[PDB]
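Architecture and fold: a report
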Amino acid sequence: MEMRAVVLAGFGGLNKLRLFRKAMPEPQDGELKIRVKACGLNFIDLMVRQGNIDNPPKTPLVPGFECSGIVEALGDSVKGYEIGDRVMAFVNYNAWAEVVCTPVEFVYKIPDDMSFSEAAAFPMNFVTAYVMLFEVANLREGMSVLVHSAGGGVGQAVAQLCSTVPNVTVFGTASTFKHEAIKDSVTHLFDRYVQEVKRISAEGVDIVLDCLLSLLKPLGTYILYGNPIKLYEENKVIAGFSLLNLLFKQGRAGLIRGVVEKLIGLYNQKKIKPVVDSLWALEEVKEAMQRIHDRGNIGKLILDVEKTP
Amino acid sequence: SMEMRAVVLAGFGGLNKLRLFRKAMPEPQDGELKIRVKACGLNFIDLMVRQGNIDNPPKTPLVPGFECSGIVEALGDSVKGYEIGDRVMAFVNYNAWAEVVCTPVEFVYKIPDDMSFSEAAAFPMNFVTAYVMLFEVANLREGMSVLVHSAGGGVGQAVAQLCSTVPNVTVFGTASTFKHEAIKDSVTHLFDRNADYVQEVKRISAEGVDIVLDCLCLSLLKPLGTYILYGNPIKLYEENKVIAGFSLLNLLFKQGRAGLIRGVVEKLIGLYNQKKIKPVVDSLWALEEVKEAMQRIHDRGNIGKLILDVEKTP
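Cut-offs applied
- Residues numbered from 1 in each chain as written, not as in the entry; some residues may be left out.
- Chains lettered and ligands numbered in written order.
- Heavy atoms only, no water.
- Residues with missing side-chain atoms left out of burial classes, pairs and counts.
- Helix = DSSP H or I, 4+ residues; strand = E, 2+ residues; numbered from the N terminus.
- Contact = heavy atoms within 4.5 Å.
- Salt bridge = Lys/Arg side-chain N within 4 Å of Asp/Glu carboxyl O.
- Buried < 20%, exposed > 50% of the residue type's maximum accessible area, 1.4 Å probe, protein only.
- Nonpolar A, V, L, I, M, F, W, Y, C, P; charged D, E, K, R; others polar.
- Pairing = 2+ DSSP bridges.
- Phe/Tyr/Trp six-rings, centres within 6.5 Å; stacked < 30°, edge-to-face > 60°.
- Domains from an automatic or database assignment.
- Arc of directions from axis to C-beta.

**Looking at the side chain of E289 of chain B**
As for its position among the elements, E289 of chain B is in the loop between strand 14 (281–285) and helix 10 (290–298). Those residues in contact with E289 of chain B that sit more than four places away from it in its chain are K312 and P314 of chain B.

**Details of the pattern of salt bridges**
Counted by the stated rule, this structure contains 30 salt bridges over all chains. Between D54 of chain A and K249 of chain A there is a salt bridge, with the nearest N and O atoms lying 3.2 Å from each other. On the basis of relative accessibility, which here comes to 46%, the residue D54 of chain A falls in the partly exposed class. In this structure, the salt-bridge partner of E136 of chain B is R140 of chain A, at a minimum N-O distance of 2.9 Å. Taken together, the residues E136 of chain B in helix 3 (residues 124–137) and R140 of chain A in the loop between helix 3 (123–136) and strand 8 (144–147) connect one chain to another.

**Section: the interface of chain B and chain A**
Taken together, the 30 residues of chain B in the interface contact 32 residues of chain A. Put simply, the parts of the chain that give the side of chain B that touches chain A at least two residues each are helix 3, strand 12 (221–230), helix 7 (233–239), strand 13 (242–246) and helix 8 (248–253) of chain B. Split by residue class, the side of chain B that touches chain A holds 15 nonpolar, seven polar and eight charged. In the sheet, strand 13 (residues 237–241) of chain A pairs with strand 13 of chain B via three bridges, with the strands oriented antiparallel.

**A short note on the packing of aromatic side chains**
The full count for this structure, using the stated rule, is 14 aromatic pairs over all chains. Considering the side-chain rings of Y130 of chain A and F134 of chain A, the 4.7 Å spacing of their centres and the 50° angle between planes classify their relative orientation as tilted. Here the residue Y130 of chain A and the residue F134 of chain A both occupy positions in helix 3, the gap between them amounting to four residues, near one helical turn. When sorted by exposure, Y130 of chain A lands in the same class as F134 of chain A, which is buried. Aromatic pair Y131 of chain B and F135 of chain B: ring centres 4.7 Å apart, planes at 50°, arrangement tilted. Of this pair, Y131 of chain B and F135 of chain B both sit in helix 3, four residues apart, which is roughly one turn of the helix. Take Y131 of chain B: its relative accessible area is 12%, and that puts it in the buried class. Looking at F135 of chain B, the relative accessible area reads 17%, which means it is buried. Connected via pairs of aromatic rings, a cluster forms that spans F122, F126 and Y267 of chain A.

**Details of the domain arrangement of chain A**
Residues and elements named next belong to chain A. Per the domain assignment, the segments making up chain A are domain 1 (1–121 + 274–309) and domain 2 (122–273). With 28 residues of domain 1 at the interface, the matching set in domain 2 holds 24 residues. Take the side of domain 1 that touches domain 2: its biggest share by element is four residues, from helix 2 (residues 116–121). Of the residues belonging to the side of domain 1 that touches domain 2, the class tally is 18 nonpolar, two polar and eight charged.

**Some thoughts on helix 10 (residues 285–293) of chain A**
For an α-helix, 3.6 residues make a turn, and residues three or four places apart therefore share a direction. Residue and element names in this part refer to chain A. By the burial criterion, the buried members of helix 10 are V285, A288, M289 and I292. All buried residues of helix 10 fall inside an arc of 95° around its axis, so they share one side. Each element contacted by the buried residues of helix 10 is listed here: strand 1 (2–8), strand 2 (17–23), helix 1 (43–50), strand 14 (276–280) and strand 15 (300–304). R295 sits one or two positions beyond helix 10 and adopts a positive phi of about 50°.

This is the structure we're talking about:
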């Protein structure tokens, strides 16, 4: 009949969040219904909360884009799933709730070894990382990568994936308060460096990843994620990346599934592993967001739907 | 020995600033070799050098040209791997339009016996540009689609041939309609330059293409597509697109990537030997006829490369 959900009453600060009961959605054709066990907290959720969003959706709204759980009901015309299957999923909002309906093309079966909390930490960070390194840039042996915010979710995803390719040097920057916790992830770590990087690699780096130029080698790539004659003259590449838009506006679910299958292969070979920081109740969402604002987390924050506060 | 003949650019300006003259034969420094030139490539950049559109411009008088082929006539001190009589093609930082050229050995490549001197002078600029754009800037793979502007030009034809080495690649070309009968078999679909091909492409592929190659001489891109220009950042984020610029000469002579380029040339030569690629030569010109050849490139009248052939009588 009804479910519990986190509701953003309107745009503003933390105190616009509510926990309310609402109608359980039912799966339309080509959707399935997920009994949610965990939800990913992403930086973009803080932006949605303030209304710093392109074409902001109407409030009130249930936030969240990433979740894991158990298939509880099938929509018409769904291939490949049975109720009781364990899955992770993307969803265009509405993830922060006990039940979620989403089109099947955004749903991925998870291995038995993968817990729900890990699974809800898996898709946003690792797909973003994988797509930037191997689909936007073409990371190969011997290259070097500069990763800003090396301690963040995507930063850590990038560092693990780089280690699957031989002889890749990863340069990270981060809050100097974070260095002891993240130092073992990267080859060289800096305290927020151009000179310091140049001292190890005179020409700079092959790939720079920068979240919401002069550091690039020739043929290098700068990628921004969530003067054209200069590019010609300097032989450089600039790119932008928004996983949500790729999914929900541009129709590339099929491609992303390819990426998720490769990510799951790597996970099964024990070459990558999402790092969950802490598990938070639905009542504790304000506190979790605050912790992300205060940059106090080492790993991913995860909402545990069945946790009591 | 005696002085050699060369094309000199007297000063920047129009065609009439180009003349033939005699010059001191250069000798090879350490790590250089000396090449007896048989043919030279004409490139669009040569027209720009002629007007002084190059920031920052070299001093005049000067001998133009960046691409040549010929016979190794002498070795400089540091050099191994070559013998006199070796047939080669080579990049050279100006000074190619002369009977003799000296250039650092990292810019020289041995050519196969099957390859004529005119083909060889047609080979490096166009085919290395094509290769680097498709496989180093973009990462062309099976099933993708490419839009090539000026499909009849040297680079354009090199791009079509290289796409055909990768399975199931759909190549869209634009070109003037009088060229269409001669180049139609080199691409999958060919469109009129001055029509509105955007619609014509979209009618075959609603989403557009994976790679757009646009010369110095956006709305078309699929998600994750790459637009490359060769010789608003929140929009890129929102639309998931890639923009690149490419200048082979800068890569060679300013940025130090001779090693990489040699890798590309070795793979290009492997393809040539397997008969998968072959330079398309538009016309051969005498050294005296350089003005008329430049005019033809300006008038976009060529299909493939224009070559200055040193032993051709005017």
